[PDB]
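See structure below.
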Amino acid sequence: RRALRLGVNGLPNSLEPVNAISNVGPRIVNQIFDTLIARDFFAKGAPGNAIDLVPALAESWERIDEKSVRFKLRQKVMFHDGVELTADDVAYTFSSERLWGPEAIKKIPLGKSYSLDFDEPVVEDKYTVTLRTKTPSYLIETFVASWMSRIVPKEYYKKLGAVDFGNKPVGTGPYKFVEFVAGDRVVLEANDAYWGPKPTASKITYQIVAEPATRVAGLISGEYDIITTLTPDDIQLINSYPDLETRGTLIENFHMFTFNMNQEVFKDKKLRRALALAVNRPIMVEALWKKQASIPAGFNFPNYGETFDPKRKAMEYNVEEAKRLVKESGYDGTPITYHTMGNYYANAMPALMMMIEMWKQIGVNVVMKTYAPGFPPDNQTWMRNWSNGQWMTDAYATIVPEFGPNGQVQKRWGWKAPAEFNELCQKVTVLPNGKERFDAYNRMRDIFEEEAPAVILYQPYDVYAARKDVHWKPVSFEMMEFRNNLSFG
Ligand SMILES: O=P(O)(O[C@@H]1[C@@H](O)[C@@H](O)CO[C@H]1O)O[C@@H]1[C@@H](CO)O[C@@](CO)(O[C@H]2O[C@H](CO)[C@H](O)[C@@H](O)[C@H]2O)[C@H]1O
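If you use the entry's author numbering, the sequence shown corresponds to residues 32 to 405, 407 to 521, in order.
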């Protein structure tokens, strides 16, 4: 079998499933682990954007009450170390001790915030586990299909510990772990004891090539089979090669810039909203994205389904109001730092370059500050770029896990969110779908735009480039799927 060589924008600091949640982690962890329920992006001939939930580690599942889902596990499934997967492994993945409990903050810092109001799971037998919540939650199934729900082995994980497990992971996935050289590569080999769609590559190498130019030149050479995180400006050149092509898709993610509200200059919404109101997103989509990116109407995405508002007005663009807000704010004229990790996010640097000029024309002076892969101290950062993968078929993620009263934007970044925002966050968690929940999400979307804790830029069009003899198609998520989606020749 052929060894797959990948040229990537970055690598996660840990291969622990939850700690790996990023634009760079899922493409690796999806090969090491499996979930109970899997999303089949290619269901009913869809171009890698289907929302259909299929059985994976769980052969079948059933909803008992408004707060619990039972899982009937697939039998004789093995972890890479040779240990058999049981209800105890699933119970440990969703346990207080490891994920959502107070003691889990040392293992997985974002576990509690990204999790549902979980209760300790119920093991019924070797292949039967009930996942439950303390309060009603109709979000169990979507969470179970997410990047939060990759099954870890209890015994091996407990022996090693979260930090050590992240450097030497063991899962049930189609690709076992081989080696991890920080700031260099991640090597995975074919797991031929795999239960499902069998591995087609003998090995997979995730090689970091931080500079997109070096990455393209690498594919042309040809050092790599598939390269990630390109810009639609790379389409013309790559496609002009007979053996090469680009493969792109709009991903269920949004690029953004956020503030450190612990800093005196960003304590008031005045300057934050002024920066948001000066952002001309349509020219950014023309200049940098060549029409390929999508501008959402606020914290609203179609993957929310019943909680998506298609009648929602576009985010306000008002240069004159922005000027007024800068003047009303306490902003003196002191340069404000904007932190970026080169081009970890596609078009990160050209986007900031454009925005610095937009902000200059409103009275704000913004300065670029770059940081090497792996982040500066919180107190040393003012403005910074970020992204949020909308990991649920509901509006809960990411407005609640990231911007909620138990989330990192308020607790770590110091956003003094209005009481009304936090109250609605509690309702949407517990309530079923209806007018109350729909309007609750809409008022939160209105509060988010008024407060400006973060400024949504656009939905990036993910651009990959591969060798034509490598048959792989992208999915509408910040991950790569190779299950029934990888062949050579
Ligand atoms: O990749 P991100 O956009 O990940 C998002 C998540 O933060 C979450 O909001 C849900 O959607 C995802 O898209 O952002 C990175 C974030 C993730 O940990 O932290 C940053 C900050 O610099 O990157 C660090 O973590 C990475 C993972 O270990 C990364 O490999 C590393 O280079 C770090 O800098 C951010 O880019």
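We put the CB at the ideal spot given by N, CA and C, even for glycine.
Item	Value
Mind listing, in chain order, the continuous alpha helix (DSSP H) runs of no fewer than 4 residues lying wholly within the segment 292-376?	300-308, 312-318, 350-359
Below 8 Å, can you find three or more Cβ-Cβ pairs linking the segment 407-417 to the segment 130-141?	no
Restricting to Cα atoms, I'd like to know which of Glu388, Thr371, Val114 is closest to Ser419.	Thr371
Return the chain-ordered list of same chain residues with a C-beta closer than 8 Å to the C-beta of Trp320, the five sequence neighbours on each side being excluded.	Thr262, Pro263, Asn378, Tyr490, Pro492, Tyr493
In terms of alpha-carbon separation, which member of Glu115, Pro78, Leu162, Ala382 lies closest to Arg94?	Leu162
Candidates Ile239, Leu302, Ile68: which alpha carbon is nearest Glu352's?	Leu302
Please tell me whether, using a cut-off of 6 Å, the distance from the CB of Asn54 to the nearest non-hydrogen atom of ligand 1 is below it.	yes
Given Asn349, which residues of its chain have a CB within under 8 Å of its CB, disregarding the five upstream and five downstream residues?	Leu308
Is there at least one non-hydrogen atom of ligand 1 closer than 6 Å to the beta-carbon of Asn44?	yes
Buried or exposed for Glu482, please, with buried defined as at least 16 other CB atoms from any protein chain shown within 10 angstroms of its CB.	exposed
So, helix, strand or coil for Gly439, using DSSP?	coil
Taking the beta carbon of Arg32 as the centre, do at least 16 other beta carbons fall within 10 Å, making it buried, or is it exposed?	exposed
Going by other Cβ atoms of all chains shown within 10 Å of its Cβ, with 16 needed for buried, is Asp363 buried or exposed?	exposed
In chain order, which continuous runs of the beta strand (DSSP E) of length 3 or greater are located wholly inside the segment 187-231?	206-212, 216-221
Assuming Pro200 contacts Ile63 under a Cβ cut-off of 8 Å, what Cβ separation, rounded to an integer in Å, is found between them?	5 Å
Note down, one range per segment and in chain order, each alpha helix (DSSP H) of at least 4 residues found wholly within the segment 120-187.	142-145, 171-175
If we ignore side chains and look at the alpha-carbon of each, how far apart do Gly521 and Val502 end up?	7 Å
For my contact list, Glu172 and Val100 are in at a C-beta cut-off of 8 Å; report their separation, rounded to the angstrom.	6 Å
Let's see if you can read the secondary structure: which residues bound the beta strand (DSSP E) around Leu46?	First-last for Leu46: undefined, no H or E at that position.
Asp65 and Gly204: beta carbons closer than 7 Å?	yes
Let me make sure I understand the geometry here. Which of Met315, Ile282, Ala81 has the alpha-carbon closest to that of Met380?	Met315
Using alpha carbons as the reference points, say which of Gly466, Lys459, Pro464, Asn465 lies closest to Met476.	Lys459
Does the Cβ of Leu268 have 16 or more other Cβ atoms within 10 Å, making it buried, or fewer, making it exposed?	exposed
From the DSSP output, read off the bridge partner residues of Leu275.	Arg499
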